[PDB]
Amino acid sequence: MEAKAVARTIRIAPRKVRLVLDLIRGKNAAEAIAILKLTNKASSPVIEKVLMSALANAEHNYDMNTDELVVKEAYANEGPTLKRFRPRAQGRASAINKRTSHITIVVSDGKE
Amino acid sequence: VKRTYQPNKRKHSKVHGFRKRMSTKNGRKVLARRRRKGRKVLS
Amino acid sequence: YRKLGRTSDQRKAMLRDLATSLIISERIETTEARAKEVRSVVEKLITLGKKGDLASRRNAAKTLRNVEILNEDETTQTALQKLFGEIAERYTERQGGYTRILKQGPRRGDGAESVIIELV
Amino acid sequence: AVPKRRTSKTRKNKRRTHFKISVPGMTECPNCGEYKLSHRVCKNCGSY
RNA sequence: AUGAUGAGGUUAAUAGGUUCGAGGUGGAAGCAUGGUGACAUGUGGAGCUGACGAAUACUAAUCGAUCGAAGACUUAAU
RNA sequence: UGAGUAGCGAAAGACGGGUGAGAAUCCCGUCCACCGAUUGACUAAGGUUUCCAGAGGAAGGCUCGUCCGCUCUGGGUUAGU
RNA sequence: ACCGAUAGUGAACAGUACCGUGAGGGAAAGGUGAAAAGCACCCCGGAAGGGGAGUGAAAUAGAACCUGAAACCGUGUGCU
RNA sequence: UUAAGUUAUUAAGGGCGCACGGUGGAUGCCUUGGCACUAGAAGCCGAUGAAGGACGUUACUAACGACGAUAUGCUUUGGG
Ligand SMILES: [Mg+2]
């Protein structure tokens, strides 16, 4: 079977999340937890909490053995943007986008 | 650089302000014009 | 030698401060490039301390800033006294060494490589 | 000074071929604890 | 610039603390003697010394992991 | 799109201890540094609750934040001269 | 044989945000469900968010709530 | 075995087709609000203090409506 977890409206930009998320796609859970503890980007702890949540769902709701699980899917979608401004020289303003992300992890055991 | 608008409580109440607008005919025109528009602040 | 993102006098100042607090605490945590520089400043102090004479006690006072240590039994001594007293008698037979560096992970706020420099 | 034409999707994605990060060193702490970074020390959460 | 290149990773002289030199400066501190004193002389080419040359495992280059081949057909001589 | 690019607004910090899910950035200590006819101390204009205590960390703060001139709750200005 | 939320009043929720010393200028913003029955309890998490369970005809009707186009951003693949 | 020759295999990334998501708020359906008129009244108040406001008033009180220290209302005659 499969278990998933989502983190909605995380306040990091998606281009920055995907960069770490391309490291763990298609790996078994223990190795992915190891990789996320030693990478030093800003989104590593948030992704790690999402992965932990999925592993706990896989065990409490579907009675799966967490010793043999792989990260089947990992992706980040765009959330709604906060729009801000910064004053520039000579009375002008420039736009700033504070972007957000939806983060999804699903783990599986590979059987049916 | 010194800017325009150096605020002053007395100057503001004496140039604008209710009694000053009521002291002339063209000030009473302003007050009536702002009443007709429904404006919340008159002077 | 290496510039640590400082001018000539800021560098010399924080390098005496780094050498003095290592003698107080025996063990401090800092960045890696700073540890690799204070490594060779501390060991020359310990060399001066193993000689012991008055001419060298005065050369060590040019570094080694000025602090009071409060040990157990309410003993107050200066850093210059603790050096020449016990640090020198400890390594009285080493022939160099006296310090080791141990690496840790990157710091959170910036990417800096953190390090523990200790006094063997 | 300014771009003469806009940049298409395909050219933008070709330029980002090399823009990636790599997996770290990651040796395993044998005596006690989980993975650690190689040539590093983990006094807690690891015997090494 | 980064990457790349080259010297090394304990069966080790790679950094380089320690010891000894080259070169640089130019006579340390302390004490003694002379002088009313500023100072001078002796101990003593003294003391100090980043990057240069040697020697020495004392401190650090731990344990590990990953990648990586299996030699096709047709024809002619052999 | 340009692009993970330009910029992040004059300057000296270091280490120990603490608290916290999380600390270069908050609190405490020592040392160091900068101004000093002033970056010190008073009174006016002007602003109008920004003042104080306890709690908080979504947004604001050009980073972070356990902190705040920010959010919540409750307080605070006394004249015959 | 008038409009149906960029329309119709500037204004379906306002001469208010806001701008200007002043006279004056002047917005944006409607829709859960028949009924709040608006998610008891368990799990991961500091929280935010989520997975189950439950309500409901329906929860990819969960309050940023009818339908949910296009630009734009991703993940997986058949041929190249 | 050696020669001479022909033709295979890779996808760091890209292209096209398909499937599945997100962002966004078009389209359809709807109406609380408007627009143009017809018929019948009426039009203008005030020193007996106006039009328009400021402050207040509810057990808990920010805004709008209502009310005025008799204050989120008092009396009376009818209706219900
Ligand atoms: Mg795309």
Side-chain angles (χ1 to χ4, degrees), chain A residues 3-11 13-16 18 25 45 49-50 52-62 73-82 84 86 96 98 102 104, chain B residues 4-9 11-12 15-16 30-31 33-35 37-40 42, chain C residues 1 6-7 10 13-14 16 18 20-22 24-25 28-31 34 36 39-40 43-44 46-47 53-55 58-59 65-68 91 94-102 107-110 112 120, chain D residues 2-3 5-8 10 12-19 25-30 38-39:
Chain A
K4 71 182 298 204
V6 188
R8 283 178 82 251
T9 64
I10 295 296
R11 171 60 201 96
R15 278 192 68 202
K16 291 164 175 183
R18 285 166 186 147
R25 192 150 37 223
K49 283 221 191 188
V50 183
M52 290 283 112
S53 194
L55 291 182
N57 293 342
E59 181 205 289
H60 177 90
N61 298 329
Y62 312 102
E73 314 196 51
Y75 54 84
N77 288 327
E78 299 166 351
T81 306
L82 311 170
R84 307 289 191 248
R86 179 143 298 279
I96 300 283
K98 306 281 191 79
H102 306 312
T104 291
Chain B
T4 77
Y5 194 51
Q6 315 289 147
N8 191 321
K9 288 178 182 75
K11 173 81 155 74
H12 190 48
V15 182
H16 318 106
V30 165
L31 293 180
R33 219 188 289 139
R34 286 181 81 90
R35 266 165 185 140
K37 203 179 185 183
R39 194 76 86 153
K40 176 130 185 74
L42 328 167
Chain C
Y1 52 84
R6 290 171 200 276
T7 48
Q10 293 161 6
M14 86 154 178
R16 300 175 53 182
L18 271 171
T20 308
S21 49
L22 180 54
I24 307 314
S25 297
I28 63 173
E29 189 176 281
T30 175
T31 77
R34 301 213 265 256
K36 282 185 174 174
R39 173 178 55 169
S40 73
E43 297 185 33
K44 305 190 180 309
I46 294 180
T47 300
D53 56 348
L54 181 76
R58 285 184 174 180
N59 288 339
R65 186 79 83 174
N66 226 349
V67 298
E68 289 82 4
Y91 312 115
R94 281 304 271 237
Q95 322 292 107
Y98 315 138
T99 53
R100 82 186 74 191
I101 295 178
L102 315 169
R107 195 157 69 186
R108 179 187 178 257
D110 51 1
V120 334
Chain D
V2 307
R5 299 280 315 145
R6 75 183 201 168
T7 291
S8 66
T10 172
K12 165 185 76 176
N13 278 299
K14 282 175 168 174
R15 195 184 58 237
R16 293 173 182 173
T17 299
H18 295 108
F19 183 74
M26 186 176 107
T27 193
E28 178 186 329
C29 193
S38 55
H39 283 107

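The basis for the numbers below is simple: all heavy atoms, side chains too, and nothing from hydrogens, waters or symmetry mates. Below, chains carry the letters A, B, ... as their sequence lines are ordered, and counting in each starts from 1.
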Chemist: Roughly how many Å apart are G:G25 and G:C2, using the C1' atom of each and rounding to a whole number?
Modeler: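 Going atom to atom, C1' in each nucleotide, I get 32 Å.
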
Chemist: Between C:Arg58 and E:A28, is there a side-chain N or O to OP1/OP2 distance below 4.0 Å?
Modeler: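 Checking E:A28 against C:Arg58, no side-chain N or O comes under 4.0 Å of OP1 or OP2.
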
Chemist: Reckon A:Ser53 has a side-chain N or O less than 4.0 Å from the OP1 or OP2 of G:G51?
Modeler: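 False: A:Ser53 side-chain N/O out of range (4.0 Å or more) of G:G51 OP1/OP2.
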
Chemist: If anything within 90° of 0 is syn and all else is anti, what is F:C31?
Modeler: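 That one's anti.
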
Chemist: According to side chain to side chain contact (heavy atoms under 4.5 Å, CB included), who are the partners of A:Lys4, at least two apart in sequence or on a separate chain?
Modeler: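 A:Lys4 satisfies side chain to side chain contact (heavy atoms under 4.5 Å, CB included) with A:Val6, A:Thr104, A:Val106 once adjacent residues are dropped.
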
Chemist: Just checking D:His18: base, sugar-phosphate only, or nothing, at a heavy-atom cut-off of under 4.0 Å?
Modeler: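 Since no nucleic acid heavy atom lies under 4.0 Å of D:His18, the category is nothing.
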
Chemist: Under the side chain to side chain donor-acceptor pair (under 3.5 Å) test, which residues partner A:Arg15, sequence neighbours left out?
Modeler: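 For A:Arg15 there are no side chain to side chain donor-acceptor pair (under 3.5 Å) partners, ignoring immediate neighbours.
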
Chemist: Identify, with sequence neighbours excluded, every residue that meets side chain to side chain donor-acceptor pair (under 3.5 Å) alongside C:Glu43.
Modeler: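 With neighbours one apart ignored, the set is C:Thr99.
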
Chemist: Taking OP1 and OP2 of E:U18, is either one under 4.0 Å from a side-chain nitrogen or oxygen of C:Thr47?
Modeler: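 For C:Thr47, the contact criterion (side-chain N or O under 4.0 Å from OP1 or OP2 of E:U18) is met.
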
Chemist: Report the pucker family of F:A14 (north if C1'-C2'-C3'-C4' is positive, south if negative).
Modeler: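 On the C3'-endo side: north.
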
Chemist: Does OP1 or OP2 of F:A14 have a side-chain N or O of C:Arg34 closer than 4.0 Å?
Modeler: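 So the side chain of C:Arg34 is within the cut-off, an N or O lying under 4.0 Å from OP1 or OP2 of F:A14.
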
Chemist: Taking G:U32 as the reference, what is the distance to G:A63 when you measure between their P atoms (whole Å, please)?
Modeler: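 Taking atom P in both G:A63 and G:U32, they lie 13 Å apart.
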
Chemist: Using only side-chain N and O atoms of D:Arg15, determine if any of them is under 4.0 Å from OP1 or OP2 of F:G4.
Modeler: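 Answer is yes, contact under 4.0 Å.
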
Chemist: Does A:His102 make a side-chain N or O approach to OP1 or OP2 of H:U23 shorter than 4.0 Å?
Modeler: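 Affirmative; the distance criterion is met.
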
Chemist: Using the 3.5 Å cut-off, write out each protein N or O paired with an N or O of nucleotides 49-56 of chain E and the distance between them.
Modeler:
from: E:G50; atom 1: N2; to: C:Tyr1; atom 2: OH; distance (Å): 3.4

Chemist: Which protein N or O atoms sit under 3.5 Å from an N or O of nucleotides 56-65 of chain F?
Modeler:
from: F:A59; atom 1: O3'; to: A:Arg84; atom 2: NH2; distance (Å): 3.2
from: F:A59; atom 1: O2'; to: A:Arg84; atom 2: NH2; distance (Å): 3.2
from: F:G60; atom 1: OP1; to: A:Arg84; atom 2: NE; distance (Å): 3.3
from: F:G60; atom 1: OP1; to: A:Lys98; atom 2: NZ; distance (Å): 3.1
from: F:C64; atom 1: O3'; to: C:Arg108; atom 2: NH2; distance (Å): 3.4
from: F:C64; atom 1: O2'; to: C:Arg108; atom 2: NH1; distance (Å): 3.2

Chemist: If you write RNA chain F from 5' to 3' in dot-bracket form, with Watson-Crick or G-U pairs under 3.5 Å, [ ] for crossing pairs and | for pairs with another strand, what do you get?
Modeler: ............((((((.......))))))...................((((((...((.....)).))))))......

Chemist: I'd like a list of close polar pairs between nucleotides 74-80 of chain G and the protein, N/O only, cut-off under 3.5 Å.
Modeler:
from: G:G74; atom 1: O5'; to: A:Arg18; atom 2: NH1; distance (Å): 3.4

Chemist: Determine, using purine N1 to pyrimidine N3 plus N6-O4 or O6-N4 for Watson-Crick, or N1-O2 and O6-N3 for G-U wobble, whether H:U48 and H:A8 pair with both distances under 3.5 Å.
Modeler: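 When the criterion is applied, H:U48 and H:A8 do not count as a base pair.
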
Chemist: With both distances under 3.5 Å required, do E:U33 and E:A40 pair Watson-Crick or G-U wobble?
Modeler: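 Given the Watson-Crick and G-U criteria, E:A40 is paired with E:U33.
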
Chemist: Please write out the pairs of protein N or O atoms and N or O atoms of nucleotides 14-17 of chain G separated by less than 3.5 Å, giving the distance to one decimal.
Modeler:
from: G:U16; atom 1: OP1; to: B:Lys40; atom 2: N; distance (Å): 2.8

Chemist: Which label fits F:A37, syn or anti, where anti is any glycosidic angle not within 90° of 0?
Modeler: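 For F:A37, whose glycosidic angle is more than 90° from 0, the conformation is anti.
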
Chemist: On RNA chain G, does the nearest nucleotide to A:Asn61 precede the nearest nucleotide to B:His16 from the 5' side, or the other way round? Give the residue.
Modeler: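 Between the two, 5'-proximity favours B:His16.
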
Chemist: Under the salt bridge (charged side-chain N to carboxylate O under 4.0 Å, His left out) test, which residues partner B:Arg39, sequence neighbours left out?
Modeler: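 Partners of B:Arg39 under the salt bridge (charged side-chain N to carboxylate O under 4.0 Å, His left out) test: none.
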
Chemist: Side-chain N or O of C:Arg16 less than 4.0 angstrom from OP1 or OP2 on F:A14?
Modeler: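 No, no such contact exists.
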
Chemist: Taking atom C1' in both E:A60 and E:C20, compute the distance separating them and give it to the nearest angstrom.
Modeler: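 One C1' to the other, the span is 24 Å.
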
Chemist: Is there a side-chain polar atom (N or O) of C:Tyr98 under 4.0 Å from OP1 or OP2 of E:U59?
Modeler: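 Checking E:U59 against C:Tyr98, no side-chain N or O comes under 4.0 Å of OP1 or OP2.
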
Chemist: By the criterion of two distances each under 3.5 Å, are E:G9 and E:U62 a Watson-Crick or G-U wobble pair?
Modeler: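 WC or G-U pairing between E:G9 and E:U62: no.
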
Chemist: Are E:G17 and E:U56 a pair by Watson-Crick or G-U wobble criteria, both distances short of 3.5 Å?
Modeler: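 Yes, E:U56 pairs with E:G17.
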
Chemist: Which part of the nucleic acid, if any, lies within reach of A:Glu78 when heavy atoms closer than 4.0 Å are counted: base, sugar-phosphate only, or nothing?
Modeler: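 Counting heavy atoms under 4.0 Å across all strands, the contact made by A:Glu78 includes a base.
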
Chemist: Here, do E:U25 and E:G47 pair up as Watson-Crick or G-U wobble, each distance under 3.5 Å?
Modeler: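 E:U25 and E:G47 meet the Watson-Crick or G-U wobble geometry.
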
Chemist: If you only use heavy atoms from C-beta on, which nucleotide in F:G4, F:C31, F:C32 is closest to the side chain of C:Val67?
Modeler: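 Of all the options, the side chain of C:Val67 is nearest to F:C31.
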
Chemist: Is there, by distance only and without an angle test, a donor paired with an acceptor across the side chain of C:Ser21 and the base of F:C15 below 3.5 Å?
Modeler: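 Counting by modelled atom types and ignoring angles, no donor-acceptor contact under 3.5 Å is found here.
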
Chemist: Work out how far the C1' atom of F:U39 is from that of F:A11, and round it to whole angstrom.
Modeler: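 Taking atom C1' in both F:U39 and F:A11, they lie 12 Å apart.
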
Chemist: Quick check: on RNA chain G, is the nucleotide nearest A:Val6 upstream (toward 5') of the one nearest A:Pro14, or the reverse? Name the residue that is more 5'.
Modeler: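 Going by which nucleotide is closer to the 5' end, it is A:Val6.
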
Chemist: With a non-hydrogen cut-off below 4.0 angstrom, is A:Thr81 in contact with a base, only sugar-phosphate, or nothing?
Modeler: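 The residue A:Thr81 makes no contact with any strand.
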
Chemist: Can you find a side chain N or O atom of B:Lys9 that sits less than 4.0 Å from OP1 or OP2 on F:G46?
Modeler: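 For F:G46, OP1/OP2 do have a side-chain N/O of B:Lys9 under 4.0 Å.
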
Chemist: Quantified in whole Å, what is the P atom distance between nucleotide H:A62 and nucleotide F:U73?
Modeler: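 About 11 Å, rounded to a whole number of Å.
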
Chemist: Where the side chain of B:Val30 is concerned, which of G:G24, E:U62, G:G45 is the nearest nucleotide?
Modeler: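 Within the option list, the nearest is G:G24.
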
Chemist: Pick the closest RNA chain E nucleotide for D:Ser38 and for C:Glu43 by heavy atoms, then say which residue is nearer the 5' end.
Modeler: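 The 5'-side residue here is C:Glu43.
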
Chemist: If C1'-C2'-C3'-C4' is positive it's north, if negative it's south, so which is the sugar of F:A3?
Modeler: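 Torsion sign negative, so south.
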
Chemist: Considering only atom P, compute the distance from F:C67 to F:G80 and round it to an integer number of Å.
Modeler: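 Here F:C67 and F:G80 have their P atoms 45 Å from each other.
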
Chemist: Got a sec, which residues hit side chain to side chain contact (heavy atoms under 4.5 Å, CB included) with B:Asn8, two or more places apart in sequence or on another chain?
Modeler: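 So B:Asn8 forms a side chain to side chain contact (heavy atoms under 4.5 Å, CB included) with B:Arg10, B:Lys11.
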
Chemist: What distance, rounded to whole Å, do you find between the two P atoms, one in F:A14 and one in F:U25?
Modeler: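 F:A14 and F:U25 have their P atoms separated by 10 Å.
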
Chemist: G:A23, OP1 or OP2 - any side-chain N/O from B:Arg34 closer than 4.0 Å?
Modeler: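 The answer is yes; a side-chain N or O of B:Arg34 sits under 4.0 Å from OP1 or OP2.
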
Chemist: Quick test of your reading: by the Watson-Crick or G-U wobble rule with a 3.5 Å threshold, is E:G53 paired to E:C20?
Modeler: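 Both donor-acceptor distances below 3.5 Å, so yes.
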
Chemist: For H:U75, measure the glycosidic angle (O4'-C1'-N9-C4 for a purine, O4'-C1'-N1-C2 for a pyrimidine) and name it syn if it falls within 90° of 0, otherwise anti.
Modeler: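 H:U75: anti.
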
Chemist: Is the distance from OP1 or OP2 of H:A12 to the nearest side-chain N or O of D:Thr17 less than 4.0 Å?
Modeler: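 So the side-chain polar atoms of D:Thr17 never come under 4.0 Å of the phosphate oxygens OP1 or OP2 of H:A12.
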
Chemist: Which label fits E:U10, syn or anti, where anti is any glycosidic angle not within 90° of 0?
Modeler: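 Because its glycosidic torsion lies more than 90° from 0, E:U10 adopts the anti conformation.
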
Chemist: Please tell me which of C:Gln95 and C:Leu54 maps to the more 5' nucleotide of RNA chain E, matching each residue to the nucleotide holding its nearest heavy atom.
Modeler: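 Between the two, 5'-proximity favours C:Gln95.
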
Chemist: Do H:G65 and H:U72 form a Watson-Crick or G-U wobble pair, with both donor-acceptor distances under 3.5 Å?
Modeler: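 Yes, H:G65 pairs with H:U72, since both Watson-Crick or G-U wobble distances fall under 3.5 Å.
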
Chemist: Anti or syn, where syn is a glycosidic angle within 90° of 0; which label fits F:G69?
Modeler: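 It is syn.
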
Chemist: Using atom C1' of each nucleotide, how far apart are G:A28 and H:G25 to the nearest Å?
Modeler: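 About 15 Å, rounded to a whole number of Å.
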
Chemist: With a non-hydrogen cut-off below 4.0 angstrom, is A:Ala58 in contact with a base, only sugar-phosphate, or nothing?
Modeler: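 Here A:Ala58 touches no strand at all.
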
Chemist: If you compare every side-chain N and O of C:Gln10 against the phosphate oxygens of F:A12 (OP1, OP2), does one of them come in below 4.0 Å?
Modeler: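 Affirmative; the distance criterion is met.
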
Chemist: Among residues at least two apart in sequence or on other chains, which ones pass side chain to side chain contact (heavy atoms under 4.5 Å, CB included) with B:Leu31?
Modeler: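 Here the qualifying residues are B:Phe18, B:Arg21, B:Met22, B:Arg35, B:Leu42.
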
Chemist: For B:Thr4, which residues count as a side chain to side chain contact (heavy atoms under 4.5 Å, CB included) partner, sequence neighbours excluded?
Modeler: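 B:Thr4: no side chain to side chain contact (heavy atoms under 4.5 Å, CB included) contacts found.
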
